[PDB]
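S.K.: Input coords00.cif, format and content: mmCIF, C-alpha atoms.
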data_query
#
loop_
_atom_site.label_atom_id
_atom_site.label_comp_id
_atom_site.auth_asym_id
_atom_site.auth_seq_id
_atom_site.Cartn_x
_atom_site.Cartn_y
_atom_site.Cartn_z
CA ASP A 1 -51.38 9.14 74.52
CA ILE A 2 -50.34 12.73 75.24
CA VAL A 3 -52.88 15.02 76.91
CA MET A 4 -52.41 18.62 78.06
CA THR A 5 -54.38 21.34 79.81
CA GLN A 6 -54.02 25.11 79.44
CA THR A 7 -54.55 27.48 82.36
CA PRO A 8 -55.80 30.08 83.20
CA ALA A 9 -59.09 30.09 81.30
CA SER A 10 -58.95 33.89 81.00
CA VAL A 11 -56.84 36.76 82.32
CA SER A 12 -57.44 40.48 82.80
CA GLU A 13 -54.90 43.11 83.80
CA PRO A 14 -54.31 46.79 82.96
CA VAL A 15 -51.94 48.03 80.28
CA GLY A 16 -48.82 48.13 82.46
CA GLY A 17 -48.87 44.61 83.89
CA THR A 18 -47.54 41.26 82.74
CA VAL A 19 -49.80 38.39 81.67
CA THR A 20 -48.65 34.79 82.08
CA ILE A 21 -50.09 31.49 80.83
CA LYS A 22 -49.30 27.96 82.04
CA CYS A 23 -49.18 24.95 79.71
CA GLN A 24 -48.64 21.72 81.64
CA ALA A 25 -48.22 18.19 80.30
CA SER A 26 -49.19 14.78 81.63
CA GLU A 27 -45.69 13.53 80.75
CA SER A 28 -42.54 15.37 79.72
CA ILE A 29 -42.39 16.63 76.09
CA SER A 30 -38.85 18.14 76.33
CA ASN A 31 -38.35 21.51 74.54
CA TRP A 32 -40.74 20.49 71.68
CA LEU A 33 -43.45 23.15 72.11
CA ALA A 34 -45.19 25.95 70.25
CA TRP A 35 -47.45 28.87 71.21
CA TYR A 36 -50.20 30.10 68.88
CA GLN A 37 -52.34 33.26 68.84
CA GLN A 38 -55.52 33.86 66.81
CA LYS A 39 -57.29 37.18 66.53
CA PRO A 40 -61.09 36.91 66.22
CA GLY A 41 -62.05 36.30 62.62
CA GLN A 42 -58.42 35.44 61.88
CA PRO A 43 -56.44 32.18 61.70
CA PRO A 44 -53.95 31.56 64.51
CA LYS A 45 -50.37 32.74 64.17
CA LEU A 46 -47.20 31.19 65.54
CA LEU A 47 -45.61 33.25 68.32
CA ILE A 48 -43.13 31.00 70.17
CA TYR A 49 -41.79 27.77 68.69
CA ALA A 50 -39.48 25.35 70.51
CA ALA A 51 -40.84 27.04 73.67
CA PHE A 52 -38.01 29.57 73.60
CA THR A 53 -37.38 30.92 70.09
CA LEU A 54 -39.27 34.01 68.99
CA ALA A 55 -41.14 33.74 65.69
CA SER A 56 -40.67 36.02 62.67
CA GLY A 57 -41.99 39.56 62.93
CA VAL A 58 -43.22 39.13 66.51
CA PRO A 59 -42.32 41.91 68.99
CA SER A 60 -39.94 41.13 71.85
CA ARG A 61 -42.54 41.13 74.61
CA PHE A 62 -43.65 37.47 74.68
CA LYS A 63 -41.47 35.13 76.74
CA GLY A 64 -41.65 31.35 76.82
CA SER A 65 -40.17 29.55 79.79
CA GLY A 66 -39.89 26.10 81.32
CA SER A 67 -38.90 22.74 79.89
CA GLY A 68 -40.13 19.18 80.13
CA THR A 69 -43.52 19.18 81.85
CA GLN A 70 -44.30 22.77 82.91
CA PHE A 71 -44.19 25.65 80.43
CA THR A 72 -45.06 29.32 80.95
CA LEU A 73 -45.81 32.03 78.40
CA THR A 74 -45.15 35.49 79.84
CA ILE A 75 -45.79 38.87 78.20
CA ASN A 76 -43.72 41.72 79.63
CA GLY A 77 -46.13 44.44 78.50
CA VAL A 78 -49.62 44.53 77.01
CA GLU A 79 -50.90 47.24 74.67
CA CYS A 80 -54.55 46.11 74.34
CA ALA A 81 -53.53 44.61 70.98
CA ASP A 82 -52.75 41.09 72.28
CA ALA A 83 -56.29 40.41 73.55
CA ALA A 84 -56.87 37.01 71.95
CA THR A 85 -56.82 33.26 72.61
CA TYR A 86 -53.52 31.40 73.00
CA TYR A 87 -52.83 27.69 72.55
CA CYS A 88 -49.87 25.40 73.17
CA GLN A 89 -49.04 22.50 70.85
CA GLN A 90 -47.27 19.30 71.90
CA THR A 91 -45.45 18.91 68.53
CA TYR A 92 -43.74 15.90 70.14
CA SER A 93 -45.78 12.72 69.60
CA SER A 94 -49.14 12.54 67.83
CA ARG A 95 -49.55 8.82 67.12
CA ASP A 96 -52.89 8.49 68.95
CA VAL A 97 -53.71 11.96 70.29
CA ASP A 98 -57.18 13.51 70.54
CA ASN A 99 -55.87 17.06 70.00
CA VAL A 100 -52.31 18.29 69.51
CA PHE A 101 -53.38 21.71 70.77
CA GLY A 102 -54.42 22.47 74.34
CA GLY A 103 -57.19 24.47 75.92
CA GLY A 104 -58.19 28.03 75.12
CA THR A 105 -57.04 31.07 77.10
CA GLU A 106 -58.57 34.42 76.13
CA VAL A 107 -56.72 37.56 77.23
CA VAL A 108 -58.82 40.61 78.14
CA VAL A 109 -57.15 44.02 78.37
CA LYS A 110 -59.10 46.89 79.96
CA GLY A 111 -57.65 50.19 78.78
CA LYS B 1 1.23 -45.15 87.99
CA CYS B 2 0.69 -41.70 86.48
CA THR B 3 0.33 -40.05 89.89
CA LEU B 4 3.54 -41.63 91.20
CA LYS B 5 5.29 -40.94 87.86
CA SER B 6 6.63 -44.49 87.98
CA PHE B 7 6.02 -47.68 86.03
CA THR B 8 6.07 -49.82 89.20
CA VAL B 9 4.13 -49.14 92.40
CA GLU B 10 4.96 -50.76 95.72
CA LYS B 11 2.31 -52.58 97.72
CA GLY B 12 0.07 -50.15 99.56
CA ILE B 13 -2.90 -47.83 99.29
CA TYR B 14 -2.58 -44.69 97.16
CA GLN B 15 -5.02 -41.80 96.86
CA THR B 16 -5.15 -40.96 93.15
CA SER B 17 -7.92 -38.47 92.37
CA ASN B 18 -11.48 -37.40 93.17
CA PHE B 19 -14.87 -38.24 91.71
CA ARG B 20 -18.04 -36.20 91.34
CA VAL B 21 -21.27 -37.28 89.67
CA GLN B 22 -21.80 -35.06 86.65
CA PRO B 23 -25.02 -33.04 86.28
CA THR B 24 -27.80 -34.91 84.50
CA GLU B 25 -29.71 -32.11 82.76
CA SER B 26 -30.27 -28.35 82.94
CA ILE B 27 -33.26 -26.34 84.15
CA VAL B 28 -33.94 -22.60 84.13
CA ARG B 29 -36.72 -20.88 86.08
CA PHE B 30 -38.06 -17.38 85.36
CA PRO B 31 -41.33 -15.74 86.47
CA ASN B 32 -44.35 -16.11 84.18
CA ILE B 33 -43.78 -12.86 82.31
CA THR B 34 -44.85 -12.60 78.67
CA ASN B 35 -45.16 -8.85 77.99
CA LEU B 36 -42.20 -7.58 75.98
CA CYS B 37 -40.45 -4.50 77.30
CA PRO B 38 -41.20 -1.16 75.54
CA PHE B 39 -37.89 -0.94 73.70
CA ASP B 40 -39.80 -0.19 70.48
CA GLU B 41 -41.61 2.93 71.71
CA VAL B 42 -38.39 4.37 73.16
CA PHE B 43 -35.98 3.52 70.33
CA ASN B 44 -38.33 3.79 67.34
CA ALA B 45 -39.72 7.13 68.55
CA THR B 46 -39.93 9.70 65.76
CA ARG B 47 -38.56 12.57 67.87
CA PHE B 48 -36.15 12.49 70.80
CA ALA B 49 -35.68 15.03 73.57
CA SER B 50 -32.87 17.55 73.88
#
Translate this file's structure into structure tokens.

M.R.:
Amino acid sequence: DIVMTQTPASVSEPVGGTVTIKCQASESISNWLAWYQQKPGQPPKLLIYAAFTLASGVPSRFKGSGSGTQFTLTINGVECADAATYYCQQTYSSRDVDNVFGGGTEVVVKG
Amino acid sequence: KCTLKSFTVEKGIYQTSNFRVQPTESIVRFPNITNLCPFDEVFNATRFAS
């Protein structure tokens, strides 16, 4: 019933820039939202839950913004250590849903 | 007699009251709609918005 898409497919920007990711919904999901990061050969880890609250032990560089339909994940500064795939989870209604998580967005940092 | 509030009425023509044929039966007409409104999916939703 709920379907999402994650854009961009991939990003690339030097060490001093800011990388941003859009997670948009077919219909509004309110604040209910979560952002996940997996290193290669590593299970994903929660970074932003409720679309605003920082997780535990995560540095204060990842910003979640937006509410309802459009959500943005913005990183103030990269250090070539956040080069991984990020996903957004609906965590709102999963009665008949093909995938709670969205598309994959791999971050590439050229240092 | 009741209208005049008297037990004797003089010869003449008096207008007493009115008459109106009462309705026979009742009908109600609504469009041929059978789908029930999605109250369940809104009220019985597991999680609500902020």

S.K.: Separation of CA of residue 37 (chain B) and CA of residue 96 (chain A), in Å?

M.R.: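 Going from CA of residue 37 (chain B) over to CA of residue 96 (chain A), I get 19.8 Å.
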
S.K.: As JSON, numbers by chain, could you give me every residue of chain B near chain A (at most 12 Å apart, counting all atoms listed in the file)?

M.R.: {"B": [41, 42, 44, 45, 46, 47, 48, 49, 50]}

S.K.: Report, in Å to a single decimal, how far apart CA of residue 86 (chain A) and CA of residue 71 (chain A) are.

M.R.: 13.2 Å

S.K.: Between CA of residue 48 (chain A) and CA of residue 109 (chain A), what is the distance, to one decimal in Å?

M.R.: 20.8 Å

S.K.: Let me make sure I understand: among B:35, B:40, B:4, B:28, which one has the smallest atom-to-atom distance to residue 16 (chain B) if we use all atoms listed in the file?

M.R.: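 So, comparing all the options, the nearest one is B:4.
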